[PDB]
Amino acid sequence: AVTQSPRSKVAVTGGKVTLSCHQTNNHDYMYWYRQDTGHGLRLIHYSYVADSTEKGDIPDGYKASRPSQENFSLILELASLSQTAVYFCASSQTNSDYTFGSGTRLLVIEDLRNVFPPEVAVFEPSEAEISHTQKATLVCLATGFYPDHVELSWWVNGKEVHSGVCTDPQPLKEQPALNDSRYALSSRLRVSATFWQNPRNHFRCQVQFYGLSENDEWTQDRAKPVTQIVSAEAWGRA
């Protein structure tokens, strides 16, 4: 009923940015909030009127345009480092309770040169755990990525699994000293010893990275660090 676009953006200090919202459900009201740890959800701009806008609690550094009843858009002329937050779009009927979009993670940085996709690696379960508890834990490690815009998933024999899985809620800084430090994320997949012992079983750790877009300039030697998937595979051992 409510869709946000883009789902993720890496922008540059000074660059022009545009976040779009498209309501499939007809509503008079549409809002744009930014979510911040400590501040919570704060309003930037809203629209009562299908073809005009009104300023929220923090309109500073923002511009918003509602050219349709169904389309409310957020615009930043000079993307500031301050503007990095998760943005939420919500539409409501005046009487009605809000319906929310899934949100867009926007990251304004100094150098797109800091952008890197992850390195994924699968670590085989220990024979010690295999004997002691008759269970086998596989570890996945996604390292050296910037920004922390990743989604990790496990795939057993071509199907996505959720049971016996646990992923870190938030990633962790590799060099906590540096401001623009790269990240690391771990995940655990626990199977029964039998399931790992079987060499015919296939385990895959999938990492969806969100980085640069097609339109972003890349004047560097290394591969453009665009939005992509990075995987690591494993088969049982006896």
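In this text, residue numbers run from 1 along the sequence as written.
- Mean CA temperature factor is higher for 130 to 138 when stretches 117 to 125 and 130 to 138 are set side by side in the entry.
- Averaged over CA atoms, B-factors in the entry run higher in 69 to 77 than in the other of 69 to 77 and 162 to 170.
- Highest CA B-factor among the listed residues (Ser52, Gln35, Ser186, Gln208): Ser52.
- In the deposited entry, the Cα temperature factor of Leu19 places it in the middle third of its chain's modelled residues.
- Among the modelled residues of the chain, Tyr29 sits in the highest third by CA temperature factor in this PDB entry.
- In the deposited entry, the Cα temperature factor of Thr3 sits in the top third of values across the chain's modelled residues.
- Per-chain ranking of the deposited C-alpha B factor places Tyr48 in the highest third.
- Placement of the Cα temperature factor of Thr227 within the chain: lowest third of the modelled residues, per the deposited record.
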